[PDB]
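Residue-level structure breakdown
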Amino acid sequence: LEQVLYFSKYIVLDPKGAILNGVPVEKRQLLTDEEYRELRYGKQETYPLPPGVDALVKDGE
Amino acid sequence: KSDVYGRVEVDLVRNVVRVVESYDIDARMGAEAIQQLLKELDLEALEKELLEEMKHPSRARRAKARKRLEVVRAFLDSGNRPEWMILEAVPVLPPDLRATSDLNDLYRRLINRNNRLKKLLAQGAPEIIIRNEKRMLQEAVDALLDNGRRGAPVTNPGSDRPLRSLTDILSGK
Amino acid sequence: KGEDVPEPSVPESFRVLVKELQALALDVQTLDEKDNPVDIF
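Reading guide: rules and limits
- Residues numbered from 1 in each chain as written, not as in the entry; some residues may be left out.
- Chains lettered and ligands numbered in written order.
- Part of a larger assembly, values for the part shown.
- Heavy atoms only, no water.
- Helix = DSSP H or I, 4+ residues; strand = E, 2+ residues; numbered from the N terminus.
- Buried < 20%, exposed > 50% of the residue type's maximum accessible area, 1.4 Å probe, protein only.
- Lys, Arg positive; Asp, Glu negative; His and termini not counted.
- Charge placed at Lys NZ, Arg CZ, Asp CG, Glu CD.
- Expected span 1.5 Å × (residues − 1).
- Contact = heavy atoms within 4.5 Å.
- Buried area = accessible area lost by both parts, 1.4 Å probe.
- Polar contact = N/O pair within 3.5 Å; in protein donor to acceptor, adjacent residues only side chain to side chain.
- Nonpolar A, V, L, I, M, F, W, Y, C, P; charged D, E, K, R; others polar.
- Salt bridge = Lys/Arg side-chain N within 4 Å of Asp/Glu carboxyl O.
- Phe/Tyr/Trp six-rings, centres within 6.5 Å; stacked < 30°, edge-to-face > 60°.
- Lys NZ or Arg CZ within 6 Å of the ring centre and 35° of its normal.
- Axes fitted to C-alpha atoms, helices over the stretch in contact; angles between N-to-C directions.
- Parallel < 35°, antiparallel > 145°, perpendicular 65-115°, else oblique.
- Left-handed = near helix turned anticlockwise from the far one by under 90°.
- Patch = residues over 30% accessible without salt bridge, like charges linked within 9 Å, V, L, I, M, F, W, Y side chains within 5 Å.
- Areas by Shrake-Rupley, 256 points an atom, 1.4 Å probe, with all protein chains shown as cover.

Per the PDB record, this model was obtained through X-ray crystallography at a reported resolution of 4.40 Å.

As recorded in the PDB entry, chain B goes by the name DNA-directed RNA polymerase subunit beta', listed as coming from Thermus thermophilus HB8.

The name that the PDB entry assigns to chain A is DNA-directed RNA polymerase subunit beta', with the source organism given as Thermus thermophilus HB8.

Okay, the overall build of chain B next. On a plain count of helices and strands, chain B comes out with 5 helices and 2 strands. If one aligns the C-alpha atoms of chain B with their principal axes, the spans along those axes are about 80 × 55 × 25 Å. Buried positions account for 24% of the 173 residues belonging to chain B. When the 32 positive and 28 negative side-chain charges of chain B are each reduced to one mean point, those points stand 4 Å apart.

Think of an α-helix as turning once every 3.6 residues; residues three or four places apart then point the same way. Over its 19 residues, helix α5 (residues 127-145) of chain B runs 27 Å from end to end, which matches the ideal 27 Å to within 8%, given 1.5 Å per residue. Inspection of α5(B) places B:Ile130, B:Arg131, B:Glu133, B:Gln138, B:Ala140, B:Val141, B:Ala143 and B:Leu144 among the buried residues, and these make up the whole buried set. Buried positions along α5(B) lie against α1 (2-6) of chain A together with α1 (30-40) and α4 (104-122) of chain B.

Okay, the interface of chain B and chain C next. With 8 residues of chain B at the interface, the matching set in chain C holds 7 residues. For the chain B and chain C pair, buried surface summed over both sides reaches about 660 Å², with 79% attributable to carbon and sulfur atoms. The tally of links from chain B across to chain C stands at 0 residue pairs in polar contact. When its residues are assigned to classes, the side of chain B that touches chain C shows 7 nonpolar, 1 polar and no charged.

Quick look at the pattern of salt bridges now. Residue and element names in this part refer to chain B. Tallied over the entire structure, the rule returns 18 salt bridges over all chains. A salt bridge links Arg7 to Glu9; the nearest nitrogen and oxygen atoms lie 2.7 Å apart. What makes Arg7 partly exposed here is its relative accessible area of 48%. Assessed through its relative accessible area of 28%, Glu9 is described here as partly exposed.

So, about the packing of aromatic side chains. Enumeration over the complete set of coordinates arrives at 2 aromatic pairs over all chains. The aromatic ring of A:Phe7 is capped on one face by B:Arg150, whose charged end is 3.5 Å from the ring centroid.

Now for the packing of α4(B) against α5(B). Residues and elements named next belong to chain B. Viewed as axis vectors pointing N to C, α4 and α5 meet at an angle of 155°, and their least axial separation amounts to 9 Å. Looking at the two axes, α4 sits roughly antiparallel to α5. Two packed elements cross with a definite hand, and for α4 against α5 that hand is left-handed. Residue-level contacts link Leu106, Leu110, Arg113, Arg116, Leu117, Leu120 and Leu121 of α4 to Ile130, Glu133, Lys134, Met136, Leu137, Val141, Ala143 and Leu144 of α5. Of the residues contributing to the contact of α4 with α5, the split by class is 11 nonpolar, no polar and 4 charged.

Residues A:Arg28, B:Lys64, B:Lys67 and B:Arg68 make up a contiguous surface patch of positive charge. Tracing the backbone through its elements, the reader meets A:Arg28 in the loop between β1 (11-12) and β2 (30-31).

What follows concerns the side chain of B:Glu47. Mapping B:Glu47 onto the fold places it in helix α2 (residues 43-55). Here B:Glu47 is in contact with B:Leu69, B:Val72, B:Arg73 and B:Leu76, once residues within four sequence places are set aside.

Given below as structure tokens:
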């Protein structure tokens, strides 16, 4: 873990990570910047659709 | 009522108030990361919990704790708190104390990126570049402390010779 | 000069090592007989 954060960018938790990810806050653990940016400051990935093609789900199903 | 932590998007289209699980907290990295974590943890607290984690559990988990409380007791009684652990001020040995004695070489490498850092800081703040710089940073600082612990710093091609660092001039036959 | 030989107060090796350690963390503090500061140089 040391070299994992010290030199790299792997960030360690500090306050309260109220939100989950399958398990509550990690208290003082750490994760990847992806998930960090993803879950922490929020995530919202888009999904374009092919030209002239219907889907298989409602508006916000 | 809300059931999670995040922002709210008042969508009247579907006539519904959705909330994206997006809250905000803190979290640092690199040296500074632990820096805060150090100053925080109350020695007296962990020591207590440890002593509990000691004579209570089996010899399996109590083993690690025993080794743990050691270093704990150290900073405690000694007084010198674990905050100094990080180096935010790297002293410089006097000139006449240093084949072209190496030492100087490494020192320059430090100031080099150290200053470049300060520059790349006041100006833009490109993350990817900032971290990539800290890397070169942490690496250099350690080069002088104990060269080798990670790779083997050497003068540009041709001079593949681990510039003798502080520790190097203290130990060895 | 016909005078008694000098009595080295501190070998260059002494003071050099003190700071040599200072150069890296090592807060080498020279205390006296009763836990008190002691001027090195």
